[PDB]
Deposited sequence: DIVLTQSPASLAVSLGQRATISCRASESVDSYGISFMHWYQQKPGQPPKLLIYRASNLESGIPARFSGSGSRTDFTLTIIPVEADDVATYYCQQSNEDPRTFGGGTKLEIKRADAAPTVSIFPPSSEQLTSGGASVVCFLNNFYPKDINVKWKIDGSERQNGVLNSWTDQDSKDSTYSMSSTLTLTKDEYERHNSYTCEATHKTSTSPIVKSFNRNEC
């Protein structure tokens, strides 16, 4: 089929700077001198939305910060200036021949200043304890960059697995991430130990004592 290769896979760009995303096709997608290549934006949890059609035509209602160019096999999408709410995956797609095919996508992330997470720890609720399960939850909120280490310790000794970590997508307003880290144990095992710690990396540390 016609293969569409986008680069890069992930593009980090500062607010106000230019983003440029390439799509190369494995053959010309021109007919009659017209390039049948389109660009879509897809926000997390949302359907795709057309930005640019026939390589360079700005779709009605899309800001002029977006533009496209190229022909034959080589296309670029440009965003200038990049704004905090442009975080999304951008897809190129050819309609010159059947079957229609799409590139693999490029994720836009916003480069911004480092930020320590705000860390909050929560013991198992007493409702949950009445059912034989114990989950200890740690929230790490509003931090940057995305790659943070989270460690659990029980009475000061490190524990994995029963650990489940879930990141949000990059925030469309402040360009931060948050994540939750949940330590799931049996109620029996939870109540054999006193001291519970979550640590995010010098690490930011939250603990509680089960008896206090």
item	value
Missing stretches, numbered from 1 on the deposited chain sequence and kept in order	202-206, 218
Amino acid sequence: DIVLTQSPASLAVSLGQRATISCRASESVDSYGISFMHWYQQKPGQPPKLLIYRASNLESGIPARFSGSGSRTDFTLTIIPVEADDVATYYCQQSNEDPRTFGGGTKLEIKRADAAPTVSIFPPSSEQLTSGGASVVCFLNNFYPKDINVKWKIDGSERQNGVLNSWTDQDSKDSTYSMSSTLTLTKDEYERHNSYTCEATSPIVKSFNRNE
From here on, numbers count along this sequence of modelled residues.
query: Higher-scoring stretch by recorded Cα B factor average, 113-121 or 87-95; finding: 113-121
query: Mean Cα B-factor comparison, 171-179 or 157-165, giving the higher one as deposited; finding: 157-165
query: Residue of maximum C-alpha B factor among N141, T130, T106, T101, per deposited coordinates; finding: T130
query: Relative C-alpha B-factor of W152, binned into the chain's lowest, middle or highest third; finding: middle
query: Third of the chain, ranked by Cα B-factor, where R54 sits; finding: lowest
query: Chain-relative CA temperature factor third for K43; finding: middle
query: Entry-reported Cα temperature factor of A19, expressed as the chain third it lands in; finding: middle
query: Assigned third (lowest, middle, highest) for the C-alpha B factor of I204; finding: highest
